[PDB]
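To start, the structure under review is shown below, and the notes come after it.
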Amino acid sequence: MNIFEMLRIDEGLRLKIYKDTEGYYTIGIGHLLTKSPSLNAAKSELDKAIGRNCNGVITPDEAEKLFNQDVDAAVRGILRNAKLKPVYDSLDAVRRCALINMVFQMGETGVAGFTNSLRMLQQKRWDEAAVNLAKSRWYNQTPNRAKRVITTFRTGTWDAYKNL
């Protein structure tokens, strides 16, 4: 199991514009287009991102290309981030994947706001951090995915996704 398979499980794959859990215009594999209410704002961001007139629809290939960019931008974002880098460096390969997952979903900024949890992960206090991470809007809004991520941090194994 790898970061790409993990996120493919968490986000799904949709080839036509859609609304994400938050009501935002998304496409592909969790690719946020715009937080704006306008479907036209969406198709516009869309064509701009793909470089063609897509009219709300993309191919599998385009969806994957976007997925590649997003994952890459998530990893470099963590690496350049002064709050995030130290945590990432301190983690093992699987828990690394879990933080990447969070950054992909909530952006760098939102993850860096989880101060206390970050502190616990860095200290390798797994159970403590699991319980702290669950006390968030994140967990309340998307509990099944949050739990899967939390389990990944708690155990350091892919058990949660082995199921799926």
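Each chain of the structure tokens is named A, B, ... in the order shown, its residues numbered from 1; ligands are numbered from 1 in display order.
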
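The residues of chain A that DSSP assigns to strand (DSSP E or B) on this backbone come out as residues 14, 15, 16, 17, 18, 19, 25, 26, 27, 28, 31, 32, 33, 34 and 57 of chain A.
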
Self-check item: Residues within 10 Å of region 44-56 of chain A, only C-alpha atoms, excluding chain neighbours under 3 positions, as a PyMOL selection string
Solution: chain A and resi 15-18+25-27+31-34+38-41+59+62-63+65-66

Self-check item: residue 110 (chain A) environment, 12 Å, only C-alpha atoms, sequence neighbours closer than 4 positions dropped, as a ChimeraX atom specification
Solution: /A:78,83-84,99,102-106,114-115,118,136-138

Quiz item: In Å to one decimal, how far is CA of residue 69 (chain A) from CA of residue 24 (chain A)?
Solution: 19.6 Å

Practice problem: Give me every helix (DSSP H, G or I) residue in region 80-159 of chain A, going by DSSP on the backbone, as a VMD selection string. | Solution: chain A and resid 80 84 to 90 93 to 112 115 to 122 126 to 133 137 to 141 143 to 155 159

Exercise. Write out as a list in words each polymer residue whose atoms come within 12 Å of residue 85 (chain A), counting only C-alpha atoms; drop sequence neighbours fewer than 3 positions from it.
Key: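 Listed by chain and then number, they are residues 74, 75, 76, 77, 78, 79, 80, 81, 82, 88, 89, 90, 91, 96, 99, 100, 108, 111, 112, 118 and 122 of chain A.
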
Write the selection just made, keeping C-alpha atoms, as a compact mmCIF listing (two decimals), in the first residue's frame?
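Below is the file again_20.txt, written as the result:
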```txt
# COMPACT_ATOMS: atom_id res chain seq x y z
CA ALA A 74 1.47 18.23 -0.56
CA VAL A 75 4.92 16.63 0.10
CA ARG A 76 6.95 19.78 -0.87
CA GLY A 77 4.51 21.85 1.19
CA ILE A 78 5.23 19.79 4.29
CA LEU A 79 8.96 19.92 3.54
CA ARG A 80 9.02 23.72 3.27
CA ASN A 81 6.79 24.21 6.21
CA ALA A 82 8.51 25.09 9.46
CA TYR A 88 7.54 14.62 9.16
CA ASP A 89 11.26 14.08 9.68
CA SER A 90 10.58 12.44 12.99
CA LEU A 91 8.07 9.93 11.62
CA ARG A 96 4.53 9.88 7.12
CA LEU A 99 0.32 13.40 7.60
CA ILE A 100 0.52 13.65 3.84
CA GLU A 108 -0.85 22.97 5.11
CA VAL A 111 -2.79 20.82 9.59
CA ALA A 112 -0.28 23.25 11.14
CA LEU A 118 1.75 17.74 16.24
CA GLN A 122 6.76 14.29 17.46
```

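When CA of residue 148 (chain A) is paired with CA of residue 109 (chain A), their separation reads 21.2 Å.
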
Residue 23 (chain A) surroundings by only C-alpha atoms, 10 Å radius, close-in-sequence under 3 positions cut, as a short mmCIF file (atom, residue, chain, number, x, y, z; two decimals) with N, CA, C and O atoms, in the first residue's frame:
```cif
data_model
loop_
_atom_site.label_atom_id
_atom_site.label_comp_id
_atom_site.auth_asym_id
_atom_site.auth_seq_id
_atom_site.Cartn_x
_atom_site.Cartn_y
_atom_site.Cartn_z
N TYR A 18 -18.04 17.92 -9.27
CA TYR A 18 -18.90 17.49 -8.21
C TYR A 18 -18.75 18.30 -6.98
O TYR A 18 -17.94 19.20 -6.89
N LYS A 19 -19.60 18.03 -6.01
CA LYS A 19 -19.49 18.77 -4.78
C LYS A 19 -18.92 17.82 -3.76
O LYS A 19 -19.32 16.66 -3.65
N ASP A 20 -17.96 18.35 -3.07
CA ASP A 20 -17.25 17.68 -2.04
C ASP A 20 -18.11 17.66 -0.76
O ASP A 20 -19.19 18.20 -0.71
N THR A 26 -15.34 20.24 -6.82
CA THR A 26 -14.23 19.36 -6.89
C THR A 26 -14.36 18.52 -8.15
O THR A 26 -15.41 18.46 -8.74
N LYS A 35 -13.86 27.37 -3.98
CA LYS A 35 -14.77 27.42 -2.84
C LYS A 35 -15.93 28.32 -3.14
O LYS A 35 -16.77 28.55 -2.30
N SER A 36 -15.91 28.86 -4.36
CA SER A 36 -16.95 29.72 -4.87
C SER A 36 -18.19 28.94 -5.32
O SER A 36 -18.15 27.85 -5.92
N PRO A 37 -19.31 29.54 -5.05
CA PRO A 37 -20.60 28.94 -5.35
C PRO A 37 -20.92 28.85 -6.82
O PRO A 37 -21.82 28.13 -7.24
#
```

Practice problem: Find the distance between CA of residue 141 (chain A) and CA of residue 22 (chain A) and write it in Å to one decimal. | Solution: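 According to the coordinates, CA of residue 141 (chain A) and CA of residue 22 (chain A) are separated by 8.9 Å.
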